[PDB]
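What follows is a short report on a single structure.
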Amino acid sequence: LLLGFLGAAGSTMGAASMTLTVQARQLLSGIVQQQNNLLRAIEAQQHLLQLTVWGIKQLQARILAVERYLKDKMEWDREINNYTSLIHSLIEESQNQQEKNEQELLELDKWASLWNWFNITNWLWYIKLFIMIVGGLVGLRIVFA
Amino acid sequence: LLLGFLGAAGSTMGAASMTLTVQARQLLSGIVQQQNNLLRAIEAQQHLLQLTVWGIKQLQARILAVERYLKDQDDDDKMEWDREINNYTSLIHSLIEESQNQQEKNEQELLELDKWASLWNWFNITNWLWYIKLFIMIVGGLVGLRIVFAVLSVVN
Amino acid sequence: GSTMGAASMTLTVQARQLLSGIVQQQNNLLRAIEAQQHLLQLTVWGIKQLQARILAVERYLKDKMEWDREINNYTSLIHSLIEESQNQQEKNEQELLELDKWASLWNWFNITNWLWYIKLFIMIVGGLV
Amino acid sequence: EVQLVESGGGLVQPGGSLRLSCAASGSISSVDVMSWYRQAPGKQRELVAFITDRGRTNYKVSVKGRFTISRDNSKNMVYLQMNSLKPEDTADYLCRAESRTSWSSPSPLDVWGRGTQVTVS
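Residue numbers (the entry's author numbering), protein chains in the order written: chain B, 518 to 588, 627 to 700; chain C, 518 to 590, 624 to 706; chain A, 527 to 589, 628 to 693; chain D, 1 to 82, 82A to 82C, 83 to 100, 100A to 100F, 101 to 112.
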């Protein structure tokens, strides 16, 4: 009876759920893709940092050769190498976490799509049944009259 | 009673993940603002990197002038460095442009999420189920008339 | 059955963990940036020393206020942005704990099972009729 | 309605340990969430840790691995073991009873305590 009509109204509100849960997963994807852009930007900036350190070492070399021809630092090298190791470790960890997030989001989207098609088929079947019932009822009403 | 009989199909085609989303809207907003702040920090660090590279170039020019004027009473490892610098520079600029595009996309998608969240509320639901009621009534009447004509053709 | 059709949580839980992962990733990236910044500073310092050194050499041959300007401007900008991003990361992490509230076991699970059971009853009634 | 009372606070040297205790008036076996917050002068009220009615425990990022929340339903107690304390952990610590609406609770339960002070210096 009207239990099925309120059950048909609620089941049709599955488009209301599909509307908001899909755009959420869209934002989840763009967020992950954005982090991949920032991470690879940190990668290239780290490559750019290594080229600056080498240029400074080359400037230190030729300015010491010029000085010797006319005639603290080790700690600077130590700290440079320490922060370089820190950067490389953080880049490796960020890449691992990025792959984790990518695969997790992939599986989430796959199973969400399968569940959504499942719900769509269920809703279609039930609305078929309900509309056939009400049609049979109206038909028997007209046959009665 | 009847409210649960509606809410059954409602929240089964709805699920608790929608509640999770409407409660994590703010967390996702914070994540998006964090990404924007990190992108701005990356841009500023890129400007700093450019300034450091230019300072290295200037010190190189000065020391080359000094050593030339000294010898007036190392050369191949320079163009390659400049080429690699320019390559990674263009790479970073491209990545930052794409990151800005992606950030704007994410913010727009968040705004659309909130658009739909305001779309349903508590009362557009009632008008929409009213129109669903009208739809079911009309379609049922039509298929009922079809059944009636089938029975009439059987009788004829 | 509907009892075993309550594994939707395993996807919902997934979402939960995903957020955490993303959150952590944010933190990760921030750390990296911070480290780069320090490295940047180091390079900057070195450059100055080199410049200082070359000045000496150049003075040996005898007997700026804008590069430093933009250096300091962008350095203060990066420091303010790192402070803002650290505050935002604290806020995001705390908001995620205030979101790991409810569910992930027997509260939000039985609710899903009962709702699915009601949906099943309605569908059975419709088919029978 | 339950009432919460904090105890076990004080001051401790950086690297020491303490055991905070939230004594609830009523039985918290039916309380959905029991949470420990902290609030510092001039800062926000930070959620530190939380346990559930089923024992699901979670902590804050800066305190994971050195804070331990636990519950004794016989004594109606929520304990918070603090270890290797930093100066950043200095705050008035609160305990909160939370309970979303269920089948037995007509009204949502939201009860605060008066907090115990914890200083690490």
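Idealized CB from N, CA, C, for every residue including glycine.
Give me the Cα-Cα distance between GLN567(A) and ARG557(C), rounded to the nearest whole angstrom.
C-alpha of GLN567(A) to C-alpha of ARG557(C): approximately 18 Å in a straight line.
Just grab the DSSP bridge partners of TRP103(D) for me.
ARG93(D)
Check distances from the C-beta atoms of the stretch 665–686 of chain A to those of chain D and list, in chain order, the residues that come in under 9 Å.
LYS665, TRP666, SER668, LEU669, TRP670, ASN671
Taking just the CA atoms, how far does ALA532(A) sit from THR538(A)?
11 Å
Given this structure, state the Cα-to-Cα distance separating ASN674(B) from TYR681(B), to the nearest angstrom.
11 Å
Is there a Cβ of chain B sitting closer than 8 Å to that of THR536(C), yes or no?
no
Three CB pairs or more closer than 8 Å across the stretch 559–579 of chain C and the stretch 641–655 of chain A
Proximity of the stretch 559–579 of chain C to the stretch 641–655 of chain A meets the contact definition, three or more beta-carbon pairs being nearer than 8 Å.
Quick check on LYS83(D): buried or exposed, where buried means 16 or more other Cβ atoms within 10 Å of its Cβ?
exposed
Check whether the Cβ atoms of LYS60(D) and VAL48(D) lie closer than 8 Å to each other.
yes
Beta-carbon of residue 714(A) versus every beta-carbon of chain C: anything under 8 Å?
No information on residue 714(A) is available, as it lies outside the stretch 527 to 693 that chain A covers here.
So, is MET530(B) buried or exposed, given that buried needs 16 or more other C-beta atoms within 10 angstroms?
buried
Of the residues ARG54(D), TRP103(D), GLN3(D), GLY8(D), which one's Cα is nearest the Cα of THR110(D)?
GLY8(D)
Going by DSSP, what residue range makes up the alpha helix (DSSP H) through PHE699(C)?
Looking at the DSSP string, the run of the alpha helix (DSSP H) that includes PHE699(C) is 674–705.
Which of the three DSSP states is assigned to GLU630(B) in this structure?
helix
For chain C, find out if any of its Cβ atoms is closer than 8 Å to the Cβ of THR639(B); answer yes or no.
No, because no Cβ of chain C sits closer than 8 Å to the Cβ of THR639(B).
For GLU657(A) and chain D, any beta-carbon pair shorter than 8 Å?
yes
Residues of chain B with CB closer than 8 Å to the CB of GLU584(C), please, in chain order.
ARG579, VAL583
Specify the secondary structure class of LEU518(C) as computed by DSSP and reduced to three states.
Looking at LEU518(C) - three-state DSSP - the assignment turns out to be coil, as it is neither helix nor strand.
Does DSSP put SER100B(D) in a helix, a strand or coil?
coil
So, is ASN636(B) buried or exposed, given that buried needs 16 or more other C-beta atoms within 10 angstroms?
exposed
At a Cβ threshold of 8 Å, is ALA558(A) touching chain B?
yes
8 Å Cβ cutoff, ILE642(B) in contact with chain C
no
What are the boundary residues of the alpha helix (DSSP H) that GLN562(B) is part of?
531–587
Can you find a C-beta in chain B that's less than 8 Å from the C-beta of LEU555(A)?
yes
Exposure label - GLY10(D); buried when at least 16 CB within 10 Å
exposed
Who are the neighbours of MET530(B) on chain C, taking C-beta pairs under 7 Å?
Within 7 Å Cβ-Cβ: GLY527, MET530, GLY531.
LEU660(B): which of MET535(A), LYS574(A), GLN543(A) sits nearest, CA to CA?
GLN543(A)
For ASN671(C), name the three-state secondary structure that DSSP assigns.
coil
Using a cut-off of 8 Å between C-beta atoms, extract the partners of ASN58(D) located in chain A.
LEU661, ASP664
So, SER534(B) versus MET535(C), is the Cβ gap smaller than 8 Å?
yes
Mapping the DSSP letters down to three states, classify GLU662(A) as helix, strand or coil.
If DSSP states are grouped into helix, strand and coil, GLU662(A) belongs with coil.
Along chain A, in chain order, which residues have C-beta atoms closer than 9 Å to that of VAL693(B)?
Within 9 Å Cβ-Cβ: nothing; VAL693(B) doesn't reach chain A, min ~14 Å.
List the residues that DSSP assigns as beta-bridge partners of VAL48(D).
In DSSP, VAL48(D) forms no bridge with anything.
Would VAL31(D) and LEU91(D) be called neighbours here (beta carbons separated by less than 8 Å)?
Not a contact, by the Cβ cut-off of 8 Å.
For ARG585(C), which option in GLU630(A), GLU634(A), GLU584(A) has the closest C-alpha, if you only look at C-alpha atoms?
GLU584(A)
Cβ atoms of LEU663(A) and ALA541(C): under 8 Å apart, would you say?
yes
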